[PDB]
file data-v1.csv (CSV, C-alpha atoms and all ligand atoms)
chain,number,residue,atom,x,y,z
A,2,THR,CA,-66.2,-16.0,19.6
A,3,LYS,CA,-64.3,-19.2,20.2
A,4,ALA,CA,-60.7,-18.1,20.9
A,5,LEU,CA,-59.5,-15.3,23.1
A,6,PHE,CA,-56.0,-13.9,22.8
A,7,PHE,CA,-54.5,-11.9,25.7
A,8,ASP,CA,-51.3,-9.9,26.0
A,9,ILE,CA,-49.8,-10.2,29.5
A,10,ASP,CA,-48.3,-7.0,30.7
A,11,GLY,CA,-50.8,-4.2,31.0
A,12,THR,CA,-53.7,-6.5,29.8
A,13,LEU,CA,-53.9,-9.4,32.2
A,14,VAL,CA,-51.2,-8.2,34.8
A,15,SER,CA,-51.2,-4.7,36.1
A,16,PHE,CA,-48.0,-2.8,35.8
A,17,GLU,CA,-49.2,-0.9,38.9
A,18,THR,CA,-49.8,-3.9,41.2
A,19,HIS,CA,-48.1,-6.6,39.4
A,20,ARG,CA,-51.2,-8.8,39.8
A,21,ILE,CA,-54.0,-10.1,37.7
A,22,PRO,CA,-57.3,-8.4,38.9
A,23,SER,CA,-59.7,-10.8,40.5
A,24,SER,CA,-62.5,-9.9,38.0
A,25,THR,CA,-60.1,-11.0,35.2
A,26,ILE,CA,-59.5,-14.4,36.8
A,27,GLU,CA,-63.3,-14.7,37.3
A,28,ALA,CA,-64.1,-13.7,33.7
A,29,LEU,CA,-61.5,-16.2,32.3
A,30,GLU,CA,-63.0,-19.0,34.5
A,31,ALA,CA,-66.4,-18.2,33.1
A,32,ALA,CA,-65.3,-18.1,29.5
A,33,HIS,CA,-63.3,-21.3,30.0
A,34,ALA,CA,-66.4,-23.2,31.3
A,35,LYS,CA,-68.4,-22.0,28.2
A,36,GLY,CA,-65.8,-23.6,26.0
A,37,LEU,CA,-63.8,-20.5,24.8
A,38,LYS,CA,-60.1,-21.3,24.2
A,39,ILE,CA,-57.8,-18.9,26.1
A,40,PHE,CA,-54.4,-18.0,24.6
A,41,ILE,CA,-51.5,-15.9,25.8
A,42,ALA,CA,-49.9,-13.6,23.2
A,43,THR,CA,-46.9,-12.0,24.6
A,44,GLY,CA,-43.6,-10.4,23.5
A,45,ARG,CA,-42.0,-12.2,26.5
A,46,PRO,CA,-39.9,-15.3,25.8
A,47,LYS,CA,-41.4,-18.4,27.6
A,48,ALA,CA,-38.3,-18.4,29.9
A,49,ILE,CA,-39.4,-15.2,31.6
A,50,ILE,CA,-43.2,-15.7,31.8
A,51,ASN,CA,-43.2,-15.7,35.6
A,52,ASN,CA,-46.4,-13.8,36.4
A,53,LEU,CA,-49.1,-16.1,35.2
A,54,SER,CA,-49.1,-18.8,38.0
A,55,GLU,CA,-52.7,-18.0,38.9
A,56,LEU,CA,-54.0,-18.8,35.4
A,57,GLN,CA,-51.5,-21.6,35.0
A,58,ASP,CA,-52.4,-23.2,38.4
A,59,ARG,CA,-56.0,-23.1,37.3
A,60,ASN,CA,-55.0,-24.6,34.0
A,61,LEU,CA,-57.0,-21.9,32.2
A,62,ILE,CA,-54.5,-21.4,29.3
A,63,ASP,CA,-54.9,-23.5,26.2
A,64,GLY,CA,-51.9,-22.3,24.3
A,65,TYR,CA,-49.1,-19.8,24.1
A,66,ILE,CA,-47.9,-17.3,21.6
A,67,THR,CA,-44.5,-16.0,22.8
A,68,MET,CA,-41.8,-13.7,21.5
A,69,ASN,CA,-44.4,-11.8,19.5
A,70,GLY,CA,-45.4,-14.8,17.5
A,71,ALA,CA,-42.0,-16.2,16.7
A,72,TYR,CA,-42.4,-19.1,19.2
A,73,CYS,CA,-45.8,-20.7,19.7
A,74,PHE,CA,-46.8,-23.9,21.5
A,75,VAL,CA,-49.8,-25.8,22.8
A,76,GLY,CA,-49.0,-28.0,25.8
A,77,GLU,CA,-45.6,-29.6,25.1
A,78,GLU,CA,-45.9,-29.3,21.3
A,79,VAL,CA,-44.1,-26.5,19.6
A,80,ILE,CA,-46.4,-25.6,16.7
A,81,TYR,CA,-44.3,-22.7,15.2
A,82,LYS,CA,-40.8,-21.2,15.8
A,83,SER,CA,-38.7,-18.9,13.6
A,84,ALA,CA,-35.3,-17.4,13.6
A,85,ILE,CA,-34.0,-14.0,12.6
A,86,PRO,CA,-31.8,-13.8,9.5
A,87,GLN,CA,-28.2,-14.2,10.8
A,88,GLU,CA,-27.0,-11.1,9.0
A,89,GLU,CA,-29.6,-9.0,10.7
A,90,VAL,CA,-28.8,-10.5,14.0
A,91,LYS,CA,-25.1,-9.5,13.4
A,92,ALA,CA,-26.1,-6.0,12.2
A,93,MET,CA,-28.2,-5.3,15.4
A,94,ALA,CA,-25.3,-6.7,17.5
A,95,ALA,CA,-22.9,-4.4,15.8
A,96,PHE,CA,-25.2,-1.4,16.2
A,97,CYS,CA,-25.8,-2.0,19.9
A,98,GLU,CA,-22.0,-2.5,20.3
A,99,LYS,CA,-21.2,0.8,18.6
A,100,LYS,CA,-23.9,2.6,20.5
A,101,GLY,CA,-22.9,1.2,23.8
A,102,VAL,CA,-26.5,-0.1,24.6
A,103,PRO,CA,-27.7,-3.5,26.0
A,104,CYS,CA,-29.4,-6.1,24.0
A,105,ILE,CA,-31.0,-9.4,24.9
A,106,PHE,CA,-30.7,-12.3,22.5
A,107,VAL,CA,-33.3,-15.1,23.0
A,108,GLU,CA,-32.8,-18.6,21.6
A,109,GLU,CA,-35.2,-21.5,21.9
A,110,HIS,CA,-33.4,-22.8,25.0
A,111,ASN,CA,-31.2,-20.0,26.1
A,112,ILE,CA,-31.4,-16.3,26.8
A,113,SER,CA,-28.4,-14.0,27.2
A,114,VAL,CA,-27.8,-10.3,27.5
A,115,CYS,CA,-25.0,-8.3,26.0
A,116,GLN,CA,-23.7,-5.2,27.9
A,117,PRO,CA,-26.4,-5.1,30.6
A,118,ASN,CA,-26.7,-1.8,32.4
A,119,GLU,CA,-28.9,-0.3,35.1
A,120,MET,CA,-31.9,-0.1,32.8
A,121,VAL,CA,-31.7,-3.9,32.5
A,122,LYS,CA,-31.4,-4.6,36.2
A,123,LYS,CA,-34.0,-2.1,37.2
A,124,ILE,CA,-36.6,-3.0,34.6
A,125,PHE,CA,-36.2,-6.8,34.5
A,126,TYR,CA,-35.1,-7.6,38.0
A,127,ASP,CA,-36.2,-4.9,40.5
A,128,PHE,CA,-39.4,-4.3,38.6
A,129,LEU,CA,-40.5,-7.6,36.9
A,130,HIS,CA,-38.6,-10.0,39.3
A,131,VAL,CA,-37.2,-11.8,36.3
A,132,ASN,CA,-34.4,-14.2,36.9
A,133,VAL,CA,-30.8,-12.8,36.3
A,134,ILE,CA,-30.1,-13.3,32.6
A,135,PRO,CA,-26.5,-14.6,31.9
A,136,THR,CA,-24.1,-12.1,30.3
A,137,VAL,CA,-22.2,-12.9,27.1
A,138,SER,CA,-20.3,-11.0,24.4
A,139,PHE,CA,-22.1,-9.6,21.3
A,140,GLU,CA,-19.8,-11.8,19.2
A,141,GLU,CA,-21.0,-15.0,20.9
A,142,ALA,CA,-24.7,-14.1,21.2
A,143,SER,CA,-24.9,-13.2,17.5
A,144,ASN,CA,-23.4,-16.6,16.4
A,145,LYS,CA,-26.5,-18.5,17.6
A,146,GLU,CA,-29.9,-19.0,16.0
A,147,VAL,CA,-31.8,-16.1,17.5
A,148,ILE,CA,-35.6,-16.1,17.7
A,149,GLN,CA,-36.0,-12.7,19.2
A,150,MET,CA,-33.6,-9.9,20.1
A,151,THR,CA,-34.5,-7.1,22.5
A,152,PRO,CA,-32.2,-4.0,22.1
A,153,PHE,CA,-32.6,-1.4,24.7
A,154,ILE,CA,-32.8,1.4,22.2
A,155,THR,CA,-35.1,4.5,22.1
A,156,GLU,CA,-37.5,5.2,19.1
A,157,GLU,CA,-34.9,7.6,17.6
A,158,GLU,CA,-32.0,5.1,17.9
A,159,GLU,CA,-34.4,2.6,16.3
A,160,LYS,CA,-34.6,4.8,13.2
A,161,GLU,CA,-30.8,4.5,13.1
A,162,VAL,CA,-30.7,0.7,12.8
A,163,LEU,CA,-33.8,0.0,10.8
A,164,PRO,CA,-31.8,0.2,7.6
A,165,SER,CA,-29.6,-2.7,8.8
A,166,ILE,CA,-32.5,-5.0,9.9
A,167,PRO,CA,-34.5,-4.4,6.7
A,168,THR,CA,-36.8,-7.5,6.9
A,169,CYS,CA,-37.4,-7.6,10.7
A,170,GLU,CA,-40.6,-6.8,12.6
A,171,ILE,CA,-40.2,-4.3,15.5
A,172,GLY,CA,-42.7,-4.2,18.3
A,173,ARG,CA,-42.6,-1.6,21.0
A,174,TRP,CA,-44.8,-0.8,23.9
A,175,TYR,CA,-42.0,0.9,26.0
A,176,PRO,CA,-39.7,3.8,25.1
A,177,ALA,CA,-36.5,2.1,26.4
A,178,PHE,CA,-36.5,-1.2,24.5
A,179,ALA,CA,-38.2,-3.0,21.5
A,180,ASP,CA,-38.6,-6.6,20.5
A,181,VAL,CA,-37.2,-7.6,17.1
A,182,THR,CA,-38.3,-10.7,15.2
A,183,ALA,CA,-38.2,-12.1,11.7
A,184,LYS,CA,-40.4,-11.0,8.8
A,185,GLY,CA,-44.0,-11.6,9.5
A,186,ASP,CA,-43.6,-12.7,13.1
A,187,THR,CA,-46.0,-10.6,15.1
A,188,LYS,CA,-48.8,-11.6,17.4
A,189,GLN,CA,-51.1,-11.7,14.3
A,190,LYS,CA,-49.0,-14.6,12.9
A,191,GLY,CA,-49.4,-16.3,16.4
A,192,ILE,CA,-53.2,-16.1,16.1
A,193,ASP,CA,-53.1,-17.8,12.7
A,194,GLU,CA,-50.8,-20.6,13.9
A,195,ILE,CA,-52.9,-21.2,17.0
A,196,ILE,CA,-56.3,-21.3,15.4
A,197,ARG,CA,-55.3,-23.7,12.6
A,198,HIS,CA,-54.6,-26.3,15.3
A,199,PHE,CA,-58.1,-26.0,16.8
A,200,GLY,CA,-60.0,-25.6,13.5
A,201,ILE,CA,-61.1,-22.2,14.7
A,202,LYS,CA,-61.8,-19.5,12.1
A,203,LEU,CA,-60.4,-16.0,12.1
A,204,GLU,CA,-63.9,-14.6,12.4
A,205,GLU,CA,-64.2,-16.4,15.7
A,206,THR,CA,-61.3,-14.7,17.4
A,207,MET,CA,-61.0,-11.8,19.9
A,208,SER,CA,-57.8,-10.2,21.0
A,209,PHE,CA,-56.9,-7.9,24.0
A,210,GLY,CA,-54.0,-5.6,24.2
A,211,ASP,CA,-52.5,-2.3,25.6
A,212,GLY,CA,-49.3,-1.8,23.6
A,213,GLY,CA,-47.7,-1.1,20.2
A,214,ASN,CA,-46.7,-4.7,19.6
A,215,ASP,CA,-50.5,-5.6,19.9
A,216,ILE,CA,-51.6,-3.4,17.0
A,217,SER,CA,-51.3,-6.2,14.5
A,218,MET,CA,-53.4,-8.7,16.5
A,219,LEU,CA,-56.0,-6.0,17.4
A,220,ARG,CA,-56.5,-5.4,13.7
A,221,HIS,CA,-56.3,-9.0,12.7
A,222,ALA,CA,-58.6,-10.6,15.2
A,223,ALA,CA,-62.4,-10.5,14.3
A,224,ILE,CA,-62.8,-8.3,17.4
A,225,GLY,CA,-59.9,-6.3,18.9
A,226,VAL,CA,-60.1,-4.8,22.4
A,227,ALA,CA,-57.7,-2.1,23.6
A,228,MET,CA,-57.2,-1.6,27.3
A,229,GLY,CA,-58.5,1.8,28.6
A,230,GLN,CA,-55.1,3.1,29.4
A,231,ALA,CA,-53.4,2.2,26.1
A,232,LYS,CA,-52.0,5.0,23.9
A,233,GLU,CA,-54.2,6.2,21.1
A,234,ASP,CA,-52.6,4.4,18.2
A,235,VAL,CA,-53.3,1.1,20.0
A,236,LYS,CA,-56.9,2.2,20.6
A,237,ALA,CA,-57.3,3.2,16.9
A,238,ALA,CA,-56.3,-0.3,15.8
A,239,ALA,CA,-59.1,-1.8,18.0
A,240,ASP,CA,-62.8,-2.4,17.4
A,241,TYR,CA,-63.6,-1.6,21.0
A,242,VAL,CA,-61.9,0.3,23.9
A,243,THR,CA,-62.6,-1.1,27.3
A,244,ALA,CA,-61.8,0.4,30.7
A,245,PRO,CA,-58.3,0.6,32.2
A,246,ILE,CA,-57.0,-2.7,33.4
A,247,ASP,CA,-57.4,-1.9,37.1
A,248,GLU,CA,-61.0,-0.8,36.5
A,249,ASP,CA,-62.0,-4.3,35.5
A,250,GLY,CA,-61.4,-3.6,31.7
A,251,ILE,CA,-61.1,-7.3,30.8
A,252,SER,CA,-64.3,-8.5,32.6
A,253,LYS,CA,-66.2,-5.4,31.4
A,254,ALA,CA,-65.2,-6.1,27.7
A,255,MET,CA,-66.1,-9.7,28.0
A,256,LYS,CA,-69.5,-8.8,29.5
A,257,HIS,CA,-70.1,-6.2,26.8
A,258,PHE,CA,-69.6,-8.8,24.1
A,259,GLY,CA,-71.8,-11.3,25.8
A,260,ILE,CA,-69.0,-13.9,26.2
A,261,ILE,CA,-69.9,-14.2,29.9
B,1,MG,MG,-48.6,-5.2,27.0
B,2,MG,MG,-60.0,-6.3,14.3
call {"tool": "encode", "arguments": {"input": "data-v1.csv", "output": "structure tokens"}}
result
Amino acid sequence: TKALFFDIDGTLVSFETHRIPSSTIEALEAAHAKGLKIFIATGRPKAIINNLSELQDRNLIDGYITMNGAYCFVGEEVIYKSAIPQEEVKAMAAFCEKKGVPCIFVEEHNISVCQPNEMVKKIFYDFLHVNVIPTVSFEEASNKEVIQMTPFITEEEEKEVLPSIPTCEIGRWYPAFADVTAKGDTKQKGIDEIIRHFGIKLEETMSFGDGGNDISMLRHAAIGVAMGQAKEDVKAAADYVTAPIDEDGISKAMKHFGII
């Protein structure tokens, strides 16, 4: 194994404590010293990655896959970025508008929210301490080149709009919102973009995840690891199920594979 891909929330950072376990930091320091490249693979836009300062201050991250693979970069170099078909951006906007539900629209250098409600303030601010996202109208947000949109819709509502965003990927790990990206843009695409830059082969990758939006990279990586507390469809997509995050699941999996 030469490249490791880690989802953030529920894989590196505990939803319960909001911290990265000490054994995870120790395991990544050991893998780093042995030459393994360590990559983040998150549905979060770079703008709101505010919980990795411990890995970042240790300079342990070699590259970032953000917005579920639609925005990837290594250092200061953007190696891959896509945008959602404008008509599908308009369709989702129209849908959220009709339904009276919030929706975040993320651009390369801007992030906005349309019709924010308590679910938005609670989840992103009170819970994840994310910076207040500026409010804008559905009309304005959907006139920009959007890399990822995050409608706060349930799985049932989702079924309602699928028909109007026919080529988009939808990744969901929570019942209250999903991340929508262009055709083919999932963490699996992010792995491919990243490894090409380092001359690393797919058979030399390992991914770690706990959510629905991790299923494609768990299947795609040579070895996929699901966190012990992930739902069963996430575990079924993996080659190995490790312990829950707060039971040293990352360090245990890495030890089990002989990486450290
Ligand atoms: Mg997660
Ligand atoms: Mg696999």
call {"tool": "closest_residue", "arguments": {"input": "data-v1.csv", "among": "A:14, A:104, A:203, A:48", "to": "ligand MG 1 (chain B)", "atoms": "only C-alpha atoms and all ligand atoms"}}
result
A:14
call {"tool": "residues_near_ligand", "arguments": {"input": "data-v1.csv", "ligand": "ligand MG 2 (chain B)", "cutoff": "7 Å", "atoms": "only C-alpha atoms and all ligand atoms", "output": "list in words"}}
result
residues 219, 220, 221, 222, 223, 224, 225, 239 and 240 of chain A
call {"tool": "residues_near_ligand", "arguments": {"input": "data-v1.csv", "ligand": "ligand MG 1 (chain B)", "cutoff": "7 Å", "atoms": "only C-alpha atoms and all ligand atoms", "output": "list in words"}}
result
residues 8, 9, 10, 11, 12, 174, 210, 211 and 212 of chain A
call {"tool": "closest_residue", "arguments": {"input": "data-v1.csv", "among": "A:51, A:206, A:111, A:252", "to": "residue A:6", "atoms": "only C-alpha atoms"}}
result
A:206
call {"tool": "closest_atom_pairs", "arguments": {"input": "data-v1.csv", "of": "stretch 108-227 of chain A", "to": "stretch 16-35 of chain A", "cutoff": "12 Å", "atoms": "all atoms listed in the file", "output": "tab-separated table"}}
result
residue	atom	partner	partner_atom	distance
A:124	CA	A:16	CA	11.5
A:128	CA	A:19	CA	9.0
A:129	CA	A:19	CA	8.1
A:130	CA	A:19	CA	10.1
A:211	CA	A:16	CA	11.2
call {"tool": "atom_distance", "arguments": {"input": "data-v1.csv", "atom1": "atom CA of residue A:198", "atom2": "atom CA of residue A:253"}}
result
28.8 Å
call {"tool": "residues_around", "arguments": {"input": "data-v1.csv", "residues": "stretch 66-74 of chain A", "least_positions_apart": "4", "cutoff": "6 Å", "atoms": "only C-alpha atoms", "output": "number ranges by chain"}}
result
A: 41-46, 78-83, 186-188, 190-191
call {"tool": "write_last_selection", "arguments": {"input": "data-v1.csv", "atoms": "C-alpha atoms", "output": "short mmCIF file (atom, residue, chain, number, x, y, z; two decimals), in the frame of the given file"}}
result
data_model
loop_
_atom_site.label_atom_id
_atom_site.label_comp_id
_atom_site.auth_asym_id
_atom_site.auth_seq_id
_atom_site.Cartn_x
_atom_site.Cartn_y
_atom_site.Cartn_z
CA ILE A 41 -51.50 -15.90 25.80
CA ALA A 42 -49.90 -13.60 23.20
CA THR A 43 -46.90 -12.00 24.60
CA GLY A 44 -43.60 -10.40 23.50
CA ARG A 45 -42.00 -12.20 26.50
CA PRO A 46 -39.90 -15.30 25.80
CA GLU A 78 -45.90 -29.30 21.30
CA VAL A 79 -44.10 -26.50 19.60
CA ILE A 80 -46.40 -25.60 16.70
CA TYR A 81 -44.30 -22.70 15.20
CA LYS A 82 -40.80 -21.20 15.80
CA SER A 83 -38.70 -18.90 13.60
CA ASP A 186 -43.60 -12.70 13.10
CA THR A 187 -46.00 -10.60 15.10
CA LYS A 188 -48.80 -11.60 17.40
CA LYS A 190 -49.00 -14.60 12.90
CA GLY A 191 -49.40 -16.30 16.40
#
call {"tool": "atom_distance", "arguments": {"input": "data-v1.csv", "atom1": "atom CA of residue A:90", "atom2": "atom CA of residue A:195"}}
result
26.5 Å
call {"tool": "closest_residue", "arguments": {"input": "data-v1.csv", "among": "A:62, A:162, A:97, A:49", "to": "residue A:126", "atoms": "all atoms listed in the file"}}
result
A:49
call {"tool": "atom_distance", "arguments": {"input": "data-v1.csv", "atom1": "atom CA of residue A:61", "atom2": "atom CA of residue A:238"}}
result
27.1 Å
call {"tool": "closest_residue", "arguments": {"input": "data-v1.csv", "among": "A:13, A:121, A:184, A:77", "to": "residue A:105", "atoms": "all atoms listed in the file"}}
result
A:121
